[PDB]
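A quick write-up on the structure given underneath.
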16 protein chains.
Amino acid sequence: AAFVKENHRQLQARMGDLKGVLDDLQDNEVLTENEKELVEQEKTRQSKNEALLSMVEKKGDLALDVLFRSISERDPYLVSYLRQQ
Amino acid sequence: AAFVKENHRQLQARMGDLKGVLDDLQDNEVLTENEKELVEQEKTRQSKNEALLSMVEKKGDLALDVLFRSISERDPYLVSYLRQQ
Amino acid sequence: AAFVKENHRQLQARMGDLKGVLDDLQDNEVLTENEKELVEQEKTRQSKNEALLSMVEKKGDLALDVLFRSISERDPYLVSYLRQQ
Amino acid sequence: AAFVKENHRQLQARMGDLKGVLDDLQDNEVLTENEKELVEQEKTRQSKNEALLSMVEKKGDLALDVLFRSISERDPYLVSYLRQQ
Amino acid sequence: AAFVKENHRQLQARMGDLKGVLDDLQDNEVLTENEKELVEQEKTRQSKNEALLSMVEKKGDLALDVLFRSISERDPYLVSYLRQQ
Amino acid sequence: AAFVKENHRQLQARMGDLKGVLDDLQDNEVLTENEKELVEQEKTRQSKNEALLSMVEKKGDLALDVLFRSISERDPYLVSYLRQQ
Amino acid sequence: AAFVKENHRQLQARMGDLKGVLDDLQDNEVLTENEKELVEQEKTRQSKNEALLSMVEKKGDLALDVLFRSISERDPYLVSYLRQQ
Amino acid sequence: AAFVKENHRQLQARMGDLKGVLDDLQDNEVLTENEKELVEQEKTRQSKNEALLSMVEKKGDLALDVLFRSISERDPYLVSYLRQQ
Amino acid sequence: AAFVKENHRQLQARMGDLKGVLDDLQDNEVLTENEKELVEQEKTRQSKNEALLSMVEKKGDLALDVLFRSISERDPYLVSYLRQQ
Amino acid sequence: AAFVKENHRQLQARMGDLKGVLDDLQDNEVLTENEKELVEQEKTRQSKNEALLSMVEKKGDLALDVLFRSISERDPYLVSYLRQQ
Amino acid sequence: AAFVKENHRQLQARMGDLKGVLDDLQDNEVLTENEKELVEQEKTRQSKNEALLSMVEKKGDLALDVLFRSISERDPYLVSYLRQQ
Amino acid sequence: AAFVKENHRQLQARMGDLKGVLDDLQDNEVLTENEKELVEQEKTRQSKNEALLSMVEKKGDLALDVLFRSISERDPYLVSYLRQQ
Amino acid sequence: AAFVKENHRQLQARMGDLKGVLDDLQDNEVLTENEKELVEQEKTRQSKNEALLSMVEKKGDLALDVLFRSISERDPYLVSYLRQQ
Amino acid sequence: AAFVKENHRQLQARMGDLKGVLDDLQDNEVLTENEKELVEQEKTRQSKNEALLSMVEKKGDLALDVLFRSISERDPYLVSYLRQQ
Amino acid sequence: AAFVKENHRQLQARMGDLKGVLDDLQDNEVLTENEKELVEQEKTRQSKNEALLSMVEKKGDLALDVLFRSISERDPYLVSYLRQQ
Amino acid sequence: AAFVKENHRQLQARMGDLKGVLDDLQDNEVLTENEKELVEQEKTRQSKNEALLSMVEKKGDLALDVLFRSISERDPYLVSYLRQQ
């Protein structure tokens, strides 16, 4: 959960396909449809990553934990890379 | 209802998409169209949160309760995060 | 692993059939099905190579190593050619 | 090895039965089965020659040398004709 | 022309996009550029409607007629709705 | 016509492709080109639905009837679902 | 009909050729041509499945039933697999 | 049924004539004509094997069992070879 | 001409060799070369039938009549089968 | 020329391959390359038809005549169908 | 130059793609980059046309002539249509 | 410098974007930040032009010359138009 | 606390967004809502800074300390810059 | 740090994508979220550059140094161009 | 380097595939990934050319030289054509 | 070279096998591999002809001459037919 906070910049510059994590967050009620659509209407992938990351940090640490779990299963290689550095 | 008052600053710094809560408040007659439009014409999201929060506290505690319910359903994760701290 | 980074342009201009490496990466959980499909829906082979290479560098160096191994077994002649130059 | 590069057009317009060279390249790990099959599924013999030649130049100069050896043994008359002109 | 006067409140609460009527009034010399700009610098749509309506009633009944014509062509459905009630 | 009013929230959360209804409303003079364009320049589909619905309620009940007819032909399944509940 | 809702994620990750179900839905007026085309212009099969599933849930439960019937006849093995788990 | 899953790569690299298994799957309603045709329009035999295998795993484990039976009767030697290793 | 419309699904699932009807339609100016080529570049025969049928219904009923005549002469047995059922 | 105006909806719902008419309009200076590209970047064929039709009506009646001629030669069957109804 | 003034309303309701004329005006020093950007940040095409037209009339008649030339070359059909009416 | 004085009314009714001239005047110490902000807090563009023009005439003729230079470079077309009349 | 007094002019000419400090002062009962509103209704930012600074010095040194703390957290860079000079 | 001051006008007219520098400044506590949002809500890129530059000069020279570093890494070519002139 | 400036309009109307030059500029640190993505998200090829050209002129003349070199190698025929005219 | 321009439509409707001319253009550096691949990924032969012709006209007249030579040798009969008419 904190790991997201210490890795905000790397997560924006590295996270790729957001459809998986967005759907997982939606199904965990972290994000409503409107919130997800707002995330997706950004022009650039770094912009989309910033939108998603900020929207989730504002939700608190529990939701940050849910996001971290969803990334760790949707993209375990990046999570592991960051966590060991 | 009080919970809003003890969490004014956190609610301004955390609340995100206000369209849901604004529409819910409108449909509960807490806010008229003009009031909602005045809330939305602020430049920044913290400014919008301040406008909405102040406009609702002035209405009394019953309306504060309606606002709290609307947040608890539109953004339950932040509500829960705050309530457990 | 680094060797991929020093040879980004050559690898895009030289790598050929990507089905082998894509399947190997999928089976090593570097890429999910969706990610692989996104790689394959590019129009041109240089575009496909760019998509795959960028998608893998973002994953970190461990995944870059997995990709390098998969190329070194799927197309050893190009790997050797580059590595000796 | 270079000789292939200076004679790309002549080699596409002259090379005939590709089964010998394709099998030799396969046994020298220049081409995998999938790569060979992709070469053979072209409609025309000039198309097949183009596919094979491009697929091999991308592999580097060492593989170009292997291809040249295989042609020089599978079709020495054309190789000699070109080399003396 | 009178119809505007008997429907001041409904016209403020119902009229929508004012660009059409403002341009028509400008081209009929009912409003100068400065007057139109003053109408548009109000914060809310009900405020803009009030500004425009008052600014036009002050001009007299002839200008009220011009405004009514411009609404009846720019937004005939609302005009008809009101006129039959 | 009323049915739209009792189902404002459901219609915003359910209505999908608006091109059909927007074109039908345009051809019934409920909406001018400018009004339609203003509806389409919203970021989100719920935002677009809100814009369209509000813009039409302001026009009166006759225009609400036209909108209801256009939905009942462009998307009869949702209309029927709502009407039986 | 509900079965679709409890199996949203599995249905997106499992459903295959959508031409059959799309045509059946079209012939049952669940989807217009435009809606079907919007479903088909997505890049990936999981994206297409998400588009179709969401577009149908919004239509209500009756249309969800029609979709379920069309899947149960177009792809009975997956339907049965899911229903027994 | 599982045996297919543990032997995905070997089954793609080993399975040969698919007409028998495709017809058997068709007659067991695992595959419709359209699905079978989509399998057959791939360029390469490894591509065809991948298409068929993925299309069947998505159908569930029961259909995987049907596919395994059809292979075990259409090509028992490969099945036995794999199963004893 | 109508008979085509009442038998859209059967005609897609039954029509076979389209070269005859495509050439006849071309010679009756129902289809230009480009249109015919677009019909032929579909992957599957049901896809080709759908493309042709839709492309012709859009042309009107006269062209549907021309198509029906061309089928009735190119494949009279299917036409008769359908017409008597 | 008018015929286009009385048949706007039918022309959007019926017109098919637009490459012919777009090229003809380009060569008659009705459309510049940029305008044609803007027409082609729409997602759906009805969207493309709407874009083209609106872009041409705005140009005046002479350009509408040019468009009608180009359709009458590129797709005479639909033109005739509409004109006789 | 005057022709623009007598056709202000038609030019706002008819002019389409403004990128060409905006770039031409920029290269003729009628508009600076900031002015062009201000024109482009309007929401609607009629709004953009109004902004551009007003911004140019204020510049005088010489600049109106430059704008007219740029339209007459970027969109000659509309210019001709208007000029003959 | 005088030219500003003989063209006070035209300059208020014609000058457009003031950001350029305001910044230039600031950098030439004709206006301090406070003075510039006071100019910008007027409601209307004619009001802003009046404020700026009066504030500069009061400064003397040298500052009027600086303002004229800044307009002649920021908006040469209007300057030329006026100067030749 | 004194530091504010020795830096009155610099603090008026440097302090930027006052919303943070105003809210902090309000929550520390240094300023009532009316006082804050009076601060915000000034035209210019230097005027707003003067109003706030004077209103706080009049309150005494304890309130000056509260204001200094709020600036040091809301805008630490300016505070540090001044304090080291 | 000074280099920013001697190049204020060039930096406003040249700086491009501000997302990088804004995020870097945020992470160096030069700018709070509110300040960054205020910078981004300007209409034009020159306006955004002016807002950012002024907001940073007010912070002092240390923050100007941080901004210069962030530009020198986010856009080294422009920095170098200016510094050598 | 200047040659780009004297040929801005021709370069926007002539430059074709931008992937090569964009990648070369990226590898020469003229453009970051975000900048390149912003260039690619434009709708039209002339729009993309304008975005790239403006983004590079702002960087200075050295970067303009890098861009010119990359075009002269990626598309030498157009460069030569322009340079001799 | 011009002859291509006066015969754009005929050349798109007549040119046949493009492999010869594409390879010749590649070997004359008129087209890079990526450009050639982009030409070949069009669906229809008229589309491919349009892509190639436009891509070459943009390159200038020298490249148009190279293309004309390559056609005159790869397909002399069509060239002669057109040139004598």
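Following the order of the structure tokens, chains are lettered A, B, ..., residues in each are numbered from 1, and ligands are numbered from 1.
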
I'd like the neighbourhood of residue 33 of chain J as a ChimeraX atom specification, where a residue qualifies if any of its atoms comes within 10 Å (using only C-alpha atoms), though same-chain residues fewer than 3 positions away should be ignored.
/J:22-23,26-27,29,36-39 /O:13,44-46

List the neighbours of segment 55-68 of chain K out to 10 Å using only C-alpha atoms; skip same-chain residues closer than 6 positions along the sequence, and give me the result as an MDAnalysis selection string.
(chainID K and resid 1:5 8 21:22 24:25 28:31 35:36 39 49 74 79) or (chainID L and resid 10:11 13:17 75:82)

Cut-off 10 Å: closest chain B/chain M atom pairs per residue, using only C-alpha atoms, as a tab-separated table:
residue	atom	partner	partner_atom	distance
B:9	CA	M:23	CA	9.0
B:46	CA	M:19	CA	9.5
B:47	CA	M:19	CA	8.5
B:50	CA	M:23	CA	9.7

Residues of chain D in alpha helix (DSSP H) according to DSSP, as a PyMOL selection string?
chain D and resi 2-6+8-14+19-27+33-40+45-59+61-74+76-83

Could you state the separation of atom CA of residue 53 of chain N and atom CA of residue 12 of chain M in Å, given to one decimal place?
18.1 Å

Could you work out how far atom CA of residue 51 of chain A lies from atom CA of residue 71 of chain M, giving the answer in Å with one decimal?
28.3 Å

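Counting from atom CA of residue 52 of chain A, the distance to atom CA of residue 41 of chain G is 25.1 Å.
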